[PDB]
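Structure first, then comments.
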Amino acid sequence: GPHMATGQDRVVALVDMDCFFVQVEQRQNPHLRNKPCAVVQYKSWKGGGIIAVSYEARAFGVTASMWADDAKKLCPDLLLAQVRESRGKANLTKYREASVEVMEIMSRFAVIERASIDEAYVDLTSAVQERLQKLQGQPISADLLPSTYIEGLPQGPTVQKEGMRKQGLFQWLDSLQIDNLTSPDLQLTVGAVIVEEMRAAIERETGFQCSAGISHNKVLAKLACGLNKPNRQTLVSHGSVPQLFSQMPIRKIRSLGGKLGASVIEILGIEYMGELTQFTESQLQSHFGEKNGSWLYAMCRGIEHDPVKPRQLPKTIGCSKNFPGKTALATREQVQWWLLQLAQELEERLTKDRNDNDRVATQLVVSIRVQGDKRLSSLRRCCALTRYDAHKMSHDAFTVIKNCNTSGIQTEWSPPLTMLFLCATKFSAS
DNA sequence: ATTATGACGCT
DNA sequence: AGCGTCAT
Ligand SMILES: Nc1ncnc2c1ncn2[C@H]1C[C@H](O)[C@@H](COP(=O)(O)OP(=O)(O)OP(=O)(O)O)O1
Ligand SMILES: [Ca+2]
Ligand SMILES: [Mg+2]
């Protein structure tokens, strides 16, 4: 009853860029705007692999993780922009730099957690308290929420999508108690007003559109964001959770899309998030462990406590390349040349990071895959990173992996390497 | 031959 | 520490 926490203490948003690498390429090349188009890396094998797709192209069934030659079968007029290649490998610098543009704008409004190259969480609790005072019990006009959906509405006693959006928004606003400055629903609404402003700023200052979710925690904000993509934002209230979750496949919730989520389904014999409410906390802990069990017990009631971490910069800087099929590295000379290529890109990015962000990496992680293994990594080894020097780093990497060579002859490499990976970690202020 | 990343959990 | 899981 009165002592039952409802997880309505925070206002959290998740902002996610729409079709992000495609928008980056469309800004640069106006010929790609408002077209079925995709971003591809490499080209020789099956036309290259698609890693981002415009919404126009998605209408034809084009997806990421598709080969371009196959995409062209669905969409013959598909336009393609290629990822830059430097030192023999795909280079994602353009997209990392575009990411920084958006992250710096978001940071003006609140402290953010960089969740990926194109999305960030925002804790708006304090900003909302501030704006609520400015408002002075003034109602919130629908005009302040021009791209907002209220999940679950309209309900009860309609043909167009925009028309439906406004119907739901009006029902929501009509029901709002603006008198209470601690009403969670009001707090979410003001949060949504701020996120409209944030999203307008991002589009004005970069040209990029995005979607967003507004709720009381990160998991609901993420879920909300996807409900109305692209170029829209969605408010998921605490009250909307029972209906929303009653038909929500468990795999849709962040962290449940893999083996754990499959185990929840199998062990408990359920399909939807809402069905979890029928188990005790101890029951869930017994199957999924203490931490997961407690997290699931709260999450299926719309409650989660994971903080938005104040972290705008990535914690690691890494460089990776696959050498598939026939291209696997089978000579020592090959291995050394590619370690150098990776190390040179790594040095470049590290030197820029040190200048921009006043920090230095202190640990180098070296990872490889050997032909045969189905795991991402076959072997991961760390060594000290004491100088930002590519030749030193590549020599050090070679030293820590050279023992994996089963070949009796040492100019040859067996089994051949199908992946190299260099990663800089353990930053210290500088 | 679904590539190039990046965070966090386990033991 | 090195490995695994999950994610974009
Ligand atoms: N598996 C991947 N491999 C390589 N790059 C990826 C992968 N997934 C995502 N990316 C890149 C390309 C995407 O444009 C960018 C952001 O990913 P993501 O948010 O999942 O999709 P998106 O921004 O392209 O479309 P959406 O509008 O659905 O968000 O990160
Ligand atoms: Ca996105
Ligand atoms: Mg994203």
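Chain labels follow the order of the structure tokens: the first chain is A, the next B, and so on; residue numbering restarts at 1 in every chain, and ligands are counted from 1 in their shown order.
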Return as a count of residues only the residues belonging to chain C that are within 7 Å of chain A, counting only C-alpha atoms (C1' of nucleotides). 3
Set out as JSON lines a contact list for chain B and chain A with a cut-off of 8 Å, giving each residue of chain B that qualifies its closest atom pair and distance in Å to one decimal, counting only C-alpha atoms (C1' of nucleotides), ordered by chain and rising residue number.
{"residue": "B:1", "atom": "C1'", "partner": "A:324", "partner_atom": "CA", "distance": 5.9}
{"residue": "B:2", "atom": "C1'", "partner": "A:65", "partner_atom": "CA", "distance": 5.1}
{"residue": "B:3", "atom": "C1'", "partner": "A:322", "partner_atom": "CA", "distance": 7.2}
{"residue": "B:4", "atom": "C1'", "partner": "A:320", "partner_atom": "CA", "distance": 6.3}
{"residue": "B:5", "atom": "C1'", "partner": "A:318", "partner_atom": "CA", "distance": 7.3}
{"residue": "B:6", "atom": "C1'", "partner": "A:316", "partner_atom": "CA", "distance": 7.3}
Got a sec to check which residues lie within 7 Å of ligand 2, using only C-alpha atoms (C1' of nucleotides) and all ligand atoms, and send them as a PyMOL selection string? chain A and resi 16-20+118-119
Can you spit out the residues from that selection as a PDB file, in the first residue's frame, using C-alpha atoms?
ATOM      1  CA  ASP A  16      18.297   7.631 -30.076  1.00  0.00           C
ATOM      2  CA  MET A  17      19.277   8.926 -33.433  1.00  0.00           C
ATOM      3  CA  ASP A  18      17.175   7.741 -36.395  1.00  0.00           C
ATOM      4  CA  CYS A  19      19.056   5.634 -38.971  1.00  0.00           C
ATOM      5  CA  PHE A  20      22.168   7.332 -37.735  1.00  0.00           C
ATOM      6  CA  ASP A 118      23.996   7.203 -31.325  1.00  0.00           C
ATOM      7  CA  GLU A 119      22.120   7.166 -28.064  1.00  0.00           C
TER       8      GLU A 119
END
Any idea what's packed within 9 Å of residue A:196, counting only C-alpha atoms (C1' of nucleotides), ignoring anything in its chain fewer than 5 positions away? Could you give it as a PyMOL selection string? chain A and resi 144-148+191+201+212+233
Find the spatial neighbours of residue B:11, counting only C-alpha atoms (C1' of nucleotides), within a cut-off of 12 Å - ignore same-chain residues fewer than 3 positions away - and output them as a PyMOL selection string. chain C and resi 1-4
Generate the output file for the selected residues, N, CA, C and O atoms (P, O5', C5', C4', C3', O3' and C1' of nucleotides), as an mmCIF file, in the first residue's frame.
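Resulting contents of result-v6.cif:
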data_model
loop_
_atom_site.group_PDB
_atom_site.id
_atom_site.type_symbol
_atom_site.label_atom_id
_atom_site.label_comp_id
_atom_site.auth_asym_id
_atom_site.auth_seq_id
_atom_site.Cartn_x
_atom_site.Cartn_y
_atom_site.Cartn_z
ATOM 1 O "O5'" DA C 1 44.122 -7.998 -15.073
ATOM 2 C "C5'" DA C 1 45.190 -8.841 -14.682
ATOM 3 C "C4'" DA C 1 44.947 -10.278 -15.118
ATOM 4 C "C3'" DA C 1 44.537 -10.474 -16.574
ATOM 5 O "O3'" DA C 1 45.174 -11.622 -17.097
ATOM 6 C "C1'" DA C 1 42.765 -11.165 -15.093
ATOM 7 P P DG C 2 45.355 -11.788 -18.687
ATOM 8 O "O5'" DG C 2 44.069 -12.609 -19.130
ATOM 9 C "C5'" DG C 2 44.025 -13.988 -18.890
ATOM 10 C "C4'" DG C 2 42.614 -14.481 -19.034
ATOM 11 C "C3'" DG C 2 42.055 -14.381 -20.455
ATOM 12 O "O3'" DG C 2 41.634 -15.664 -20.865
ATOM 13 C "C1'" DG C 2 40.520 -13.528 -18.858
ATOM 14 P P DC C 3 40.978 -15.914 -22.309
ATOM 15 O "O5'" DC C 3 39.420 -16.062 -21.991
ATOM 16 C "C5'" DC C 3 38.974 -16.992 -21.016
ATOM 17 C "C4'" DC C 3 37.497 -16.790 -20.729
ATOM 18 C "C3'" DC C 3 36.610 -16.685 -21.979
ATOM 19 O "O3'" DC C 3 35.732 -17.798 -22.055
ATOM 20 C "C1'" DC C 3 36.098 -14.973 -20.363
ATOM 21 P P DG C 4 34.696 -17.929 -23.277
ATOM 22 O "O5'" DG C 4 33.376 -17.219 -22.728
ATOM 23 C "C5'" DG C 4 32.875 -17.578 -21.454
ATOM 24 C "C4'" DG C 4 31.639 -16.768 -21.124
ATOM 25 C "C3'" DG C 4 30.616 -16.680 -22.257
ATOM 26 O "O3'" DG C 4 29.333 -16.975 -21.754
ATOM 27 C "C1'" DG C 4 31.194 -14.504 -21.495
#
Given only C-alpha atoms and all ligand atoms as the counted atoms, nearest of A:354, A:108, A:229, A:359 to ligand 3: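 With only C-alpha atoms and all ligand atoms as the atom set, the closest residue is A:229.
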Coordinates-based distance that separates atom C1' of residue B:7 from atom CA of residue A:112 (Å, one decimal): 15.2 Å
Enumerate, as number ranges by chain, the complete set of residues in stretch 101-303 of chain A that a backbone-based DSSP assignment places in helix (DSSP H, G or I). A: 101-106, 125-135, 142-144, 161-175, 184-206, 218-227, 238-246, 250-252, 259-268, 273-278, 281-288, 290-299
Skipping near chain neighbours, those fewer than 6 positions away, what residues fall within 8 Å of stretch 265-276 of chain A using only C-alpha atoms (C1' of nucleotides), listed as a ChimeraX atom specification? /A:242,245-250,287,296-297,300-301
Write the selection just made, keeping N, CA and C atoms, as a CSV table (one decimal), in the first residue's frame?
chain,number,residue,atom,x,y,z
A,242,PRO,N,1.0,-1.9,-16.9
A,242,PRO,CA,0.4,-3.2,-16.9
A,242,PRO,C,-0.2,-3.6,-18.3
A,245,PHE,N,2.9,-4.2,-20.8
A,245,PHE,CA,3.6,-5.4,-20.6
A,245,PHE,C,2.8,-6.6,-20.8
A,246,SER,N,1.5,-6.5,-20.8
A,246,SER,CA,0.6,-7.7,-20.9
A,246,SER,C,0.8,-8.4,-22.2
A,247,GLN,N,1.2,-7.7,-23.2
A,247,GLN,CA,1.5,-8.4,-24.5
A,247,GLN,C,2.9,-8.2,-25.0
A,248,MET,N,3.8,-7.8,-24.1
A,248,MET,CA,5.2,-7.5,-24.5
A,248,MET,C,6.1,-8.7,-24.4
A,249,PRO,N,6.6,-9.2,-25.6
A,249,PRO,CA,7.5,-10.3,-25.5
A,249,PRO,C,8.7,-10.0,-24.6
A,250,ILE,N,9.0,-10.9,-23.7
A,250,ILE,CA,10.1,-10.7,-22.8
A,250,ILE,C,11.4,-10.3,-23.5
A,287,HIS,N,15.7,-19.1,-9.7
A,287,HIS,CA,15.9,-19.5,-11.1
A,287,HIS,C,17.1,-18.7,-11.8
A,296,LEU,N,14.3,-8.6,-12.1
A,296,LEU,CA,13.1,-9.0,-12.8
A,296,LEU,C,11.8,-8.8,-12.0
A,297,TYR,N,11.8,-9.0,-10.7
A,297,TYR,CA,10.7,-8.8,-9.9
A,297,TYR,C,10.2,-7.3,-9.9
A,300,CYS,N,9.2,-6.1,-14.0
A,300,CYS,CA,7.9,-6.5,-14.5
A,300,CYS,C,6.8,-5.6,-13.9
A,301,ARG,N,7.1,-4.9,-12.9
A,301,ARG,CA,6.2,-3.9,-12.3
A,301,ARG,C,6.5,-2.4,-12.8
To one decimal in Å, tell me the separation between atom CA of residue A:251 and atom CA of residue A:55. 23.4 Å
What gap, in Å, lies between atom CA of residue A:94 and atom CA of residue A:309? 25.3 Å
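The neighbours of residue A:285 here are the residues that come within 12 Å of it, using only C-alpha atoms (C1' of nucleotides) and leaving out any residue fewer than 3 positions away in the same chain; they are residues 264, 279, 280, 281, 282, 288, 289, 290, 291, 292, 293, 294, 295, 296, 297 and 298 of chain A.
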